[PDB]
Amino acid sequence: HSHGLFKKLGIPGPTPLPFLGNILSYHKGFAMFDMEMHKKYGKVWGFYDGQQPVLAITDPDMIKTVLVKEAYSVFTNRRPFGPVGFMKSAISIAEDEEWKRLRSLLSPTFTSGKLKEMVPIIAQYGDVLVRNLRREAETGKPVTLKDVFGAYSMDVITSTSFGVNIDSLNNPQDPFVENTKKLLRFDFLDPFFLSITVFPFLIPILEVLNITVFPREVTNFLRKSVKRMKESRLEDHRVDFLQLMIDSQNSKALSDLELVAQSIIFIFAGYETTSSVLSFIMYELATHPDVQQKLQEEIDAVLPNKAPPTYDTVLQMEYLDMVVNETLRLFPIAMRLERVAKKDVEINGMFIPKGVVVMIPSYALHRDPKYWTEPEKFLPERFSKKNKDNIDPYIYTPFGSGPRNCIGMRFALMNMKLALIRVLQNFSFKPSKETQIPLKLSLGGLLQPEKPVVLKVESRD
């Protein structure tokens, strides 16, 4: 009955099927689906994830109304996502007043003073990463980036969050390593999540039985592990997220269960994200020696003879920033952004009923010919001081936008840049024979390459 909504409002889209709505259209993944629909329906289309109506918008003004203008009043929350348990209190899952409160309590965590203080910790692991990478370089076997960057992502996360200093790559069997690395982003296209989309009525049944998409084993270890590194350990001032969160309950307020839910979500949100992007960047660099050479030239020029990177020097590297940005354009890992209309609204011309998920298809927008010349091409120059004025911040949205944008944006940029600097100071990266060209994306619900990125690593003396 909800399947006549877009018909009633006179909005075009793919004709839904009883029960399934439009989900069979996901056979080629989210990105493709969004590309095809944009191409054939233009600026706005409507579709159904089961019985849930989703309105895709592509108009920059419209997008700002949703993400910025009407955030607090109408578009405050993401779609509710499944059986969730105690993780319901995680910032990214929280709603309305719960969210606003957690956002407030957690903002001061990601400030530049706190961030500049985090530099010497996250640098210590630029060194470890080099060390590991060279061990593969002088033995000379084509490297798997996700493995080495994955290892790197975790090391910085553990240490910056809790202070659990561990070489995850060489310690694969470490109890903290086994738990955390299980925490991977959800494929909303897998069988179980498709079942939840078609039968959302089953969610409360799952919630009552303490079933939750976050593996109970993982969340338990940490649940009572954080308990040790507060009461058994830190009960006596260190530089990490946990402290910044401990002292914050020490004046609002923050319960014990909430605090762990945030610690978990910083990993789940932070871990695969940082390493997928760092892996995509290297791919482009390896397939574009000119851009790599030039980046290495900017790095040696700024930090001569392998000087260590600092907060101020990172911000000073223009081409570095251009390369990170162009990569995010091609591979914005979120693919889509989403808000639910709490109430009925009329955004710039069109009426949107309560409960409709309004979706911004970031990937299709990033690769749109009507905003981007040769948008399949990797062209850092797009982002140079001269060109980067012709870039709409609501067409280009790798970190979302508005009050509910990526909270860890600054931290993530900084982290990746530091990783990239140390690595490029010591090594060059070249295509192996197993390297797939062009790169192919997983037809799954995740923006990742269909085969893992394998690259040849060579020292620079």
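One-based numbering along the sequence shown.
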| Looking at the deposited sequence, how many residues between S251 and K252 were given no coordinates in the entry: none, 1 to 3, 4 to 9, or 10 or more? | 4 to 9
| request: Check the entry and tell me how many residues of the deposited sequence have no coordinates between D236 and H237: none, 1 to 3, 4 to 9, or 10 or more. | output: 1 to 3
| remark: Of 414-422 vs 46-54, the stretch with the larger average CA B-factor in the entry is 414-422
| message | Using only C-alpha atoms and the B-factors in the entry, which stretch averages higher, 318-326 or 147-155? | response | 147-155
| query | Out of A123, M335, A269, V74, which one has a C-alpha B factor higher than all the others in the entry? | reply | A123
| Which is it among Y283, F193, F221, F383: the one with the largest CA B-factor in the entry? | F221
| Where the record places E434 (Cα B-factor, split into thirds across the chain) | highest
| Once the chain's modelled residues are ordered by C-alpha B factor and cut into thirds, is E298 in the lowest, middle or highest one? | lowest
| query | Would the CA B-factor of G113 place it in the lowest, middle or highest third of its chain? | reply | highest
| request: Classify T287 as lowest, middle or highest third according to the C-alpha B-factor given in the PDB entry, relative to its own chain. | output: middle
| task | Give the position of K141 by CA B-factor within its chain, expressed as the lowest, middle or highest third. | result | highest
